[PDB]
Structures are given as C-alpha cells and as structure tokens.
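One chain is shown next in structure tokens, namely the form deposited in one PDB entry.
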C-alpha cells in the first residue's frame, strides 16, 4: 500500500489561479516532460477513495470542449489532481480588463454548451460551472475544467449545514439537496452568463450565508441593463426555479442568442490580448 509520491512524479511550477477547493499550479510530468495543471486539495477532514475512483472514471472522458483529467495522487492528507493545462486564462481572468461584448459572450457560452452536452450525454454533471472554470487556450479554444467532483466534496457539507464555500452559482435544488441532475448545470450556466455580461454573479455584494438562504426562496435572477433581448431571454430560460422547466444544453445550442451572436473561437485571442495589455 506504499503510495507514489506526486512531488517526485511531478515538478510543481508557478501558481496559475485559485480553483475550487485548492490552488492550481502549472506542473511538469517528470516521466513524459509534458506540461500539466495540478490542483492540490487538502482532505484532512475527509470519502477520499470514492473521489479518486471517480477521477479515474472521468479521466476516460474525451471531448474537445472539456479538459482532460490525468488521475490523482494522494500524499498524506493532500490530493494532487492532475489536469490538462490551458494557458490562455480562465474566463474570470479575462473579465479583469473590462466588459465582454455579446459576441464574446455568445461564443464562450456556445463552447460551454457543447461541453455540457458532452458531459450530460455521458451521464455526468459538471456541478461547478462558473467563469473561473471556463478555460481558454492560447489559440482561443474554450474548455470546461474541474468537472464532475464538486458534488462529492460539498453535498454532505450542504446537508449538514457545514458548507462554507461560495454559493453564488448553485441551483436552488443543489442548495436544498433535493434530487438534482444535469439541469443544475443549466441554472449555473445562466448565472455564468450574467457573470460574463456584468463581471460578477447575482448577489455578489451579500454575505454568502444570506445568499445560500436567498437562492431557494427568491424569484430567480434576471439579466438587467443594456443587453439585447435574446441575451436576456437566454438567461431567463436557464434561470427557472423548476429544473424540469430549464432547457437542455442541446436545446440552448439552438437559442437565437447563440445562433445570431456566436462567432469563430479564434477571435477570442483578442480577449487574451486585452489581458496582456491590462497587465503590461
């Protein structure tokens, strides 16, 4: 039962961003000398082998719209998750210089939807859709990241009222821990569309415990301000309190906002340029 040491298997390089449940680093697989991303989760207070088994299952996923998993390695109380590295920045990173235009939003949402359609067709739930987990390559390709595990890391805490993580993107049925399915991602997608349009999810000025309380009780958010009627309607379609009333990802790919505004992903290199200029 002697475990491989991830610090020997991988060279941890610079931090590249805050992930859910842990910081994310660029890394090198020392066996292949290939670049990877590494997220280290501290599981001192927690079923570890169930999470590793599911990461192994998810490492078999294969889609242009979803980052690869490359397994995970436990070291004492820390779980090293190994992932495909993308270097363009997350959509959250790329929101820093200023507002996105509706073509950028529609392009990014279209790619997210294709990734959600893939995961849902494989009977998986992303469960952590937010701009921070939407990644760009240096060429503008868009892939979902950190999918398929957040439920194992949070659902029990939510049941016990011991969850202290961030609630802004959670569907009401996830907060109430009733039966939830892929439609939970569709709610989170609607919140993420607001985040891409306005820079932050609804209720971002409120205490997270008030937000956890509000989401299942309040009318769902809507997109307010100078935004096109199709974009507002796309948001409204996602943000229905009843999950059976939300459309599937496959249906949303046909939404007129997506079809009339999405353009080539290669144009999103302009967004990466803006980040460079912002930080130059």
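Residue numbers count along the first chain shown, from 1. The term rigid core refers to the maximal set of C-alpha atoms that superpose within 1.5 Å between the two forms.
Just so you know, the form deposited in another entry exists too; it's not on screen, but the next bit is about it.
Checking 214, 237, 28, 223 for C-alpha shifts of 2 Å or more between this form and the one not shown, after the rigid core is superposed, gives a single hit: 28. After superposing the rigid core, the C-alpha of residue 168 moves by less than 2 Å between this form and the one not shown. After superposing the rigid core, the Cα of residue 123 is displaced by less than 2 Å between this form and the one not shown. Core-superposed comparison between this form and the one not shown: the Cα of residue 77 travels 2 Å or more.
A shift of at least 3 angstroms pushes the Cα atoms of residue 175 and residue 159 further from each other in the other form than in the displayed structure.
Cα-Cα spacing of residue 127 to residue 160 is reduced in the other form versus the present form (difference of at least 3 Å).
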